(Lines of atoms letter the chains of each structure in order from A and count residues from 1; the text may use other names and numbers.)
(Lines give C-alpha, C1' and ligand atoms only; values in the text may rest on other atoms or scores of the structure.)
Protein backbone atom coordinates (compact mmCIF):
# COMPACT_ATOMS: atom_id res chain seq x y z
CA UNK A 1 0.00 0.00 0.00
CA UNK A 2 2.88 2.33 0.95
CA UNK A 3 6.06 2.99 -1.00
CA UNK A 4 9.31 1.90 0.58
CA UNK A 5 11.26 4.39 -1.52
CA UNK A 6 9.89 7.56 -3.10
CA UNK A 7 11.93 9.49 -5.64
CA UNK A 8 11.12 13.11 -6.45
CA UNK A 9 12.12 15.18 -9.47
CA UNK A 10 11.75 18.79 -8.37
CA UNK A 11 10.88 20.58 -11.60
CA UNK A 12 9.48 24.04 -12.26
CA UNK A 13 11.48 26.23 -9.90
CA UNK A 14 12.36 28.85 -12.51
CA UNK A 15 8.91 28.81 -14.08
CA UNK A 16 7.46 29.26 -10.61
CA UNK A 17 9.67 32.31 -9.97
CA UNK A 18 8.73 33.88 -13.31
CA UNK A 19 5.03 33.23 -12.73
CA UNK A 20 5.34 34.96 -9.36
CA UNK A 21 6.95 38.00 -11.03
CA UNK A 22 10.49 37.54 -9.71
CA UNK A 23 13.39 38.56 -11.97
CA UNK A 24 15.79 36.40 -9.99
CA UNK A 25 15.01 32.69 -10.45
CA UNK A 26 16.89 31.86 -7.24
CA UNK A 27 13.63 32.87 -5.46
CA UNK A 28 12.24 29.72 -7.12
CA UNK A 29 15.13 27.55 -6.03
CA UNK A 30 14.89 28.85 -2.46
CA UNK A 31 11.18 28.05 -2.28
CA UNK A 32 11.86 24.64 -3.83
CA UNK A 33 14.46 24.09 -1.12
CA UNK A 34 11.82 24.86 1.53
CA UNK A 35 9.51 22.31 -0.13
CA UNK A 36 12.24 19.67 -0.16
CA UNK A 37 12.49 20.05 3.61
CA UNK A 38 8.71 19.76 3.94
CA UNK A 39 8.46 16.75 1.62
CA UNK A 40 11.13 14.81 3.53
CA UNK A 41 9.26 15.45 6.80
CA UNK A 42 6.04 14.17 5.20
CA UNK A 43 7.84 11.09 3.93
CA UNK A 44 9.36 10.33 7.33
CA UNK A 45 6.05 10.79 9.10
CA UNK A 46 4.15 8.67 6.57
CA UNK A 47 6.58 5.77 7.23
CA UNK A 48 8.40 5.94 3.93
CA UNK A 49 11.81 4.27 4.44
CA UNK A 50 13.88 6.08 1.83
CA UNK A 51 13.41 9.28 -0.16
CA UNK A 52 15.58 10.39 -3.05
CA UNK A 53 15.43 14.02 -4.08
CA UNK A 54 16.80 15.24 -7.40
CA UNK A 55 18.72 18.37 -6.55
CA UNK A 56 21.20 18.82 -9.41
CA UNK A 57 21.39 17.09 -12.77
CA UNK A 58 24.40 17.08 -15.02
CA UNK A 59 22.20 19.17 -17.42
CA UNK A 60 21.82 21.85 -14.73
CA UNK A 61 25.60 22.14 -14.52
CA UNK A 62 25.81 23.68 -18.01
CA UNK A 63 24.02 26.88 -17.05
CA UNK A 64 25.19 30.42 -16.42
CA UNK A 65 28.12 30.21 -13.94
CA UNK A 66 26.71 32.88 -11.58
CA UNK A 67 23.21 31.43 -11.53
CA UNK A 68 24.72 27.96 -11.12
CA UNK A 69 26.87 29.05 -8.18
CA UNK A 70 23.83 30.53 -6.43
CA UNK A 71 21.88 27.32 -7.06
CA UNK A 72 24.70 25.19 -5.69
CA UNK A 73 24.76 27.30 -2.55
CA UNK A 74 21.01 26.78 -2.07
CA UNK A 75 21.51 23.04 -2.59
CA UNK A 76 24.35 22.92 -0.06
CA UNK A 77 22.09 24.73 2.45
CA UNK A 78 19.31 22.19 1.69
CA UNK A 79 21.60 19.25 2.39
CA UNK A 80 22.96 20.84 5.56
CA UNK A 81 19.30 21.16 6.72
CA UNK A 82 18.56 17.53 5.75
CA UNK A 83 21.60 16.49 7.79
CA UNK A 84 20.51 18.36 10.95
CA UNK A 85 21.25 16.03 13.92
CA UNK A 86 17.73 16.45 15.40
CA UNK A 87 16.29 14.66 12.36
CA UNK A 88 18.39 11.51 12.94
CA UNK A 89 18.11 10.73 9.24
CA UNK A 90 20.69 8.69 7.39
CA UNK A 91 21.86 10.56 4.29
CA UNK A 92 23.71 9.54 1.12
CA UNK A 93 24.95 11.49 -1.87
CA UNK A 94 23.97 10.09 -5.24
CA UNK A 95 26.12 11.63 -7.97
CA UNK A 96 29.49 13.22 -8.56
CA UNK A 97 30.47 16.03 -6.17
CA UNK A 98 33.55 16.44 -8.35
CA UNK A 99 31.28 18.51 -10.60
CA UNK A 100 30.00 21.18 -8.14
CA UNK A 101 33.20 22.89 -6.96
CA UNK A 102 35.42 21.93 -4.08
CA UNK A 103 34.11 24.22 -1.37
CA UNK A 104 30.47 23.08 -1.88
CA UNK A 105 31.67 19.46 -2.20
CA UNK A 106 33.48 19.67 1.17
CA UNK A 107 30.40 21.19 2.83
CA UNK A 108 28.06 18.60 1.36
CA UNK A 109 30.33 15.67 2.20
CA UNK A 110 30.86 17.02 5.73
CA UNK A 111 27.11 17.24 6.33
CA UNK A 112 26.32 13.82 4.89
CA UNK A 113 29.19 12.15 6.75
CA UNK A 114 27.84 13.56 10.03
CA UNK A 115 24.65 11.51 9.67
CA UNK A 116 24.18 8.01 11.09
CA UNK A 117 24.56 4.99 8.82
CA UNK A 118 21.62 3.37 10.66
CA UNK A 119 18.29 5.16 10.94
CA UNK A 120 14.54 4.72 10.50
CA UNK A 121 14.56 7.19 7.61
CA UNK A 122 17.07 7.54 4.80
CA UNK A 123 17.51 10.37 2.32
CA UNK A 124 19.44 10.26 -0.92
CA UNK A 125 20.44 13.66 -2.29
CA UNK A 126 21.12 13.44 -6.04
CA UNK A 127 23.73 16.03 -6.90
CA UNK A 128 25.79 16.10 -10.10
CA UNK A 129 23.80 13.12 -11.29
CA UNK A 130 22.94 11.44 -14.57
CA UNK A 131 21.33 8.02 -15.00
CA UNK A 132 23.26 6.74 -18.00
CA UNK A 133 26.47 8.05 -16.49
CA UNK A 134 25.69 6.25 -13.26
CA UNK A 135 25.36 2.94 -15.07
CA UNK A 136 28.64 3.48 -16.89
CA UNK A 137 30.39 4.36 -13.63
CA UNK A 138 28.85 1.25 -11.98
CA UNK A 139 30.20 -0.94 -14.77
CA UNK A 140 33.66 0.69 -14.47
CA UNK A 141 33.62 0.08 -10.70
CA UNK A 142 32.53 -3.51 -11.19
CA UNK A 143 35.31 -4.20 -13.69
CA UNK A 144 37.91 -2.40 -11.61
CA UNK A 145 37.08 -4.67 -8.65
CA UNK A 146 37.22 -7.81 -10.80
CA UNK A 147 40.62 -6.78 -12.16
CA UNK A 148 41.86 -6.17 -8.59
CA UNK A 149 40.62 -9.69 -7.76
CA UNK A 150 42.78 -11.15 -10.57
CA UNK A 151 40.22 -11.33 -13.36
CA UNK A 152 41.58 -11.98 -16.84
CA UNK A 153 40.52 -9.86 -19.79
CA UNK A 154 38.18 -12.62 -21.04
CA UNK A 155 36.71 -12.93 -17.52
CA UNK A 156 36.06 -9.18 -17.49
CA UNK A 157 34.08 -9.63 -20.74
CA UNK A 158 31.70 -12.01 -18.83
CA UNK A 159 31.79 -10.43 -15.34
CA UNK A 160 29.05 -7.86 -15.96
CA UNK A 161 25.64 -9.00 -14.74
CA UNK A 162 22.37 -7.26 -13.84
CA UNK A 163 23.10 -7.88 -10.17
CA UNK A 164 26.72 -6.68 -10.53
CA UNK A 165 25.56 -3.38 -12.00
CA UNK A 166 22.88 -2.91 -9.29
CA UNK A 167 25.51 -3.54 -6.56
CA UNK A 168 27.78 -0.86 -8.01
CA UNK A 169 25.31 2.00 -8.47
CA UNK A 170 25.22 4.97 -6.09
CA UNK A 171 22.18 3.30 -4.57
CA UNK A 172 23.98 0.02 -3.86
CA UNK A 173 22.14 -1.95 -1.20
CA UNK A 174 18.97 0.17 -1.27
CA UNK A 175 15.50 -0.82 -2.40
CA UNK A 176 14.56 0.52 -5.81
CA UNK A 177 12.14 3.45 -5.93
CA UNK A 178 8.51 2.28 -5.83
CA UNK A 179 7.13 5.69 -6.74
CA UNK A 180 8.63 8.51 -8.77
CA UNK A 181 6.95 11.93 -8.49
CA UNK A 182 7.50 14.60 -11.12
CA UNK A 183 6.05 18.09 -11.09
CA UNK A 184 5.41 20.87 -13.63
CA UNK A 185 3.35 18.59 -15.81
CA UNK A 186 6.58 17.07 -17.18
CA UNK A 187 5.94 13.52 -18.33
CA UNK A 188 9.35 13.26 -20.04
CA UNK A 189 11.82 11.01 -18.03
CA UNK A 190 15.23 12.57 -17.68
CA UNK A 191 17.15 9.46 -16.67
CA UNK A 192 16.73 10.00 -12.92
CA UNK A 193 17.58 6.71 -11.20
CA UNK A 194 17.40 5.24 -14.67
CA UNK A 195 18.43 1.69 -13.77
CA UNK A 196 16.71 1.61 -10.42
CA UNK A 197 13.34 2.99 -11.55
CA UNK A 198 12.82 0.44 -14.33
CA UNK A 199 9.72 -0.95 -12.54
CA UNK A 200 8.60 2.15 -10.62
CA UNK A 201 5.17 3.73 -10.53
CA UNK A 202 5.20 7.21 -12.04
CA UNK A 203 3.04 10.00 -10.65
CA UNK A 204 2.63 13.47 -12.11
CA UNK A 205 1.25 16.82 -11.07
CA UNK A 206 0.89 20.04 -13.02
CA UNK A 207 2.04 22.12 -10.05
CA UNK A 208 5.58 23.47 -10.16
CA UNK A 209 7.81 22.12 -7.42
CA UNK A 210 7.84 25.24 -5.22
CA UNK A 211 4.02 25.04 -5.27
CA UNK A 212 3.88 21.39 -4.23
CA UNK A 213 1.57 20.90 -1.27
CA UNK A 214 1.11 18.36 1.47
CA UNK A 215 -2.25 17.51 -0.11
CA UNK A 216 -0.47 16.78 -3.41
CA UNK A 217 1.76 14.35 -1.48
CA UNK A 218 -1.38 12.80 -0.01
CA UNK A 219 -2.85 12.36 -3.49
CA UNK A 220 0.38 10.69 -4.68
CA UNK A 221 0.20 8.18 -1.86
CA UNK A 222 -3.52 7.61 -2.44
CA UNK A 223 -2.97 7.05 -6.16
CA UNK A 224 -0.05 4.72 -5.44
CA UNK A 225 -2.15 2.70 -2.98
CA UNK A 226 -5.00 2.42 -5.50
CA UNK A 227 -2.67 0.97 -8.16
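Positions refer to the first chain, counted from 1.
Remark: stretch with higher mean C-alpha B factor among 37-45 and 63-71 is 63-71.
When the CA B factors of the chain's modelled residues are split into thirds, the value for residue 221 lands in the middle one. Placement of the Cα temperature factor of residue 171 within the chain: lowest third of the modelled residues, per the deposited record. Per the deposited record, the Cα B-factor of residue 116 falls in the highest third when ranked against the other modelled residues of its chain.
Split the chain's modelled residues into thirds by C-alpha temperature factor. Residue 96 is in the middle one.
Residue 140: CA B factor lies in the middle third for its chain, per the PDB record.
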